[PDB]
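Chemist: Those protein sequences? They're chains A and B, same order as listed.
So the first sequence is residues 1 to 241, counted in my numbering.
So the second sequence is residues 1 to 241, counted in my numbering.
Built from N, CA and C at the ideal position, the CB exists for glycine as well.
2 protein chains.
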Amino acid sequence: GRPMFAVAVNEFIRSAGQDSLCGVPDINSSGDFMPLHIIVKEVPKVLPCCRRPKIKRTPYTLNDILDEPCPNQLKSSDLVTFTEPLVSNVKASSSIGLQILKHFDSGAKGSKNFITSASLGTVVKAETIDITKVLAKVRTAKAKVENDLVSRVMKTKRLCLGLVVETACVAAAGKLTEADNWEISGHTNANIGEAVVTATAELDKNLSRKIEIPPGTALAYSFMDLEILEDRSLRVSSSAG
Amino acid sequence: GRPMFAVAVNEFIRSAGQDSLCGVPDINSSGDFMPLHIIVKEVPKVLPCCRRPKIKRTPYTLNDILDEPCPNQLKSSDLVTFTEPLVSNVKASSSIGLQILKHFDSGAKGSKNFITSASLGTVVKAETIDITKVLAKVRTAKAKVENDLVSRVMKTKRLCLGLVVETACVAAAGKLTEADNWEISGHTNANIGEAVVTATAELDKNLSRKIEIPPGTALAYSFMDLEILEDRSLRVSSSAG
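1. So the alpha helix (DSSP H) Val43 of chain B belongs to, where does it begin and stop?
2. Grouping DSSP H, G and I as helix and E and B as strand, with all else coil, what is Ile13 of chain B?
3. Please report how far the alpha carbon of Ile13 of chain B lies from the alpha carbon of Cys22 of chain B, in whole angstroms.
4. Where does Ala8 of chain B fall in DSSP's three states?
5. Of all the residues that make up the segment 217-228 of chain B, which are near chain A by a beta-carbon distance shorter than 8 Å?
6. Whose CA, out of A:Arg2, A:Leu149, A:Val170, A:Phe82, lies closest to the CA of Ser15 of chain A?
7. Look at the Cβ atom of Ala240 of chain A, then the Cβ atom of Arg52 of chain B, and state whether they are nearer than 7 Å.
8. With a cut-off of 8 Å, do at least 3 Cβ pairs link the segment 27-46 of chain A to the segment 149-168 of chain B?
9. DSSP three-state call for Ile96 of chain A: helix, strand or coil?
10. Have a look at the DSSP bridge pairing and note the partners of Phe223 of chain B.
11. Starting from the N-terminal side, write out each stretch of the beta strand (DSSP E) that is 3 residues or longer and does not extend beyond the segment 54-134 of chain A.
12. Out of B:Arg139, B:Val134, B:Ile96, point me to the one whose CA is closest to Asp231 of chain B's CA.
13. What number of angstroms, rounded off, separates the C-alpha of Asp19 of chain B from the C-alpha of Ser222 of chain B?
14. For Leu149 of chain A, report the span of its alpha helix (DSSP H) as first-last.
15. Under 7 Å between C-beta atoms, does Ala143 of chain A make it to chain B?
16. Please list the residues of the segment 147-172 of chain A that have a C-beta atom closer than 7 Å to any C-beta atom in chain B, keeping them in chain order.
17. Using Cβ-Cβ distances below 9 Å, what residues of the segment 40-57 of chain B are close to chain A?
18. Does any C-beta atom of chain B lie closer than 7 Å to the C-beta of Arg14 of chain A?
19. Report the residues of the segment 186-217 of chain A with a CB closer than 9 Å to any CB of chain B, ordered along the chain.
20. Let me check understanding here. Comparing Cα to Cα, which of A:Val134, A:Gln99, A:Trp182 lies closest to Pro69 of chain A?
21. Any residues in the segment 17-43 of chain A with a beta carbon nearer than 9 Å to a beta carbon of chain B? Which ones, in chain order?
22. Under 7 Å between the Cβ atoms of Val7 of chain B and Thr116 of chain B?
23. Confirm, please, whether the CB-CB distance from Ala126 of chain B to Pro35 of chain B is below 7 Å.
24. Quickly, what does DSSP pair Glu212 of chain B with across the bridge? List them, please.
25. Find out if the Cβ-Cβ distance for the pair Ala179 of chain B, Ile192 of chain B is shorter than 7 Å.
26. According to DSSP, is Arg139 of chain A helix, strand or coil?
27. Is the Cβ-Cβ distance between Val124 of chain B and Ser94 of chain B less than 7 Å?
28. Quick check: the Cα distance between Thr200 of chain B and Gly17 of chain B, rounded to an integer number of angstroms?
29. The beta strand (DSSP E) that contains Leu234 of chain B, what's its start and end?
30. Please compile the residues from chain A whose C-beta is within a distance smaller than 8 Å of the C-beta of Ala240 of chain B.
31. Identify which residue in B:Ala141, B:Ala92, B:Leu86 has its Cα closest to the Cα of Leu66 of chain B.
32. Run the proximity test for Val196 of chain A: is its beta-carbon closer than 6 Å to any non-hydrogen atom belonging to the ligand SAH?
33. Label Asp225 of chain B either buried or exposed according to how many other C-beta atoms from any shown protein chain fall within 10 Å of its C-beta, with 16 as the threshold for buried.
34. Helix, strand or coil for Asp180 of chain A per DSSP?
35. For the candidate residues B:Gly174, B:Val196, B:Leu86, B:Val197, whose alpha-carbon lies nearest to that of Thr188 of chain B?
36. Name the residue from A:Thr61, A:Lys144, A:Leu74, A:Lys157 whose alpha carbon lies nearest to the alpha carbon of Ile184 of chain A.
Okay, here's the thing in structure tokens:
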């Protein structure tokens, strides 16, 4: 489930060829990785900034963080349509493979690999209506010290903020989410509601698991590093992941 | 040159589909990114572990760092043969594009993109003969406090070490390097000495620059994080970049 979703996510990212893309961690968290949402990077307390930071969802958006409002309207358009499954092999010993084996109650009966097949259908791109206006607000606004995330970020040096600016999602019939503020898009001829991932034991075709990826689910996203300066002003920069 | 090499590197990495791969920064540094070489990650003093670390070549290898020797023999084999050029577009405003424009003395005469074409020929994979034996030595050996890199790493918390374990290189007729300790490989039917990258002004086909990538040049590599514990013992872990 959560590992088989990661298979879908990794497959899309490997096919897209964009280095900046980050994977969405689970289906349940999808809504937290839409444009204008805020993510946090916290570097593990054990490691001395010698490990990649851990990226964590938050419930906040940019407007929860700015002293003055800012345009929150988003748009979505079709990005790619996969007409064939994305096929890979996962070794049972890898992190993903052990996670998958957890779902097989009696084990995989000696299988050393899982054959994974991800049918993604139509994937769409969500983004702000006018990224220029949002960047302009970042130049002009200040951070609300009232905000608890803002306070914690300004007092701690190990909390770093990220601003999601673009998200690749599996298609939906209408609005991708109800919580975010979407322009009314179009009813294009696309594949909706058929995204599915399967994993099969290498040594038993009848030993498989399968998850549906619900319409609208975010698969991957790109974000900008968001710095809060000591005078509460802001600055965004392009990240790499 | 250095930007057009980065075009080659990024093209290979985008084609390979391995998330762990890191790009070699320049042709001149290639030898420092072969298996068993040591890299350093230093996080910028300005950023509070909120930026990706900067990866830096060093002149050291694992045996410069261990108290006891360790097998240093490497092997190489053919990985992929590109039969067609890898074609992309670089915007003149991007970091890579401005770097490329520096090489055009009078400017690009208003061109907003560069058409880049990377002919990589046969790319080979360099790796240790027996990674198991090297990991075993990492489990058993200690770090030489005599070593200046070792001392600096143990006293500072912002210096992190990396151990290169696999390198993708453009093919060579014989040994990829003279400095490293290679087994004698094979004289396979491969394309050697034809790797070239070109960039052309979008608005003038007669305005171009071109670099040759010398046989044996490392393009990308994967590394393990190498930790020195307070008791001078060691530990490696898989990285992601």
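Modeler: Taking the geometry as given:
1. Element bounds for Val43 of chain B: n/a, residue is neither H nor E.
2. helix
3. 8 Å
4. helix
5. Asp225, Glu227
6. A:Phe82
7. yes
8. no
9. helix
10. B:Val164
11. 54-61, 73-81, 86-91, 113-119, 122-128
12. B:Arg139
13. 9 Å
14. 148-155
15. no
16. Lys157, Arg158, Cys160
17. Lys41, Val43, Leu47, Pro48, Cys49, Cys50, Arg51, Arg52, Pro53
18. yes
19. none
20. A:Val134
21. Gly17, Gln18, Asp19, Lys41, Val43
22. yes
23. yes
24. B:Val196
25. no
26. helix
27. no
28. 27 Å
29. 234-238
30. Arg52
31. B:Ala141
32. Judged by which ligands are present, the structure shown has none, so any question about the ligand SAH falls away.
33. buried
34. coil
35. B:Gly174
36. A:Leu74
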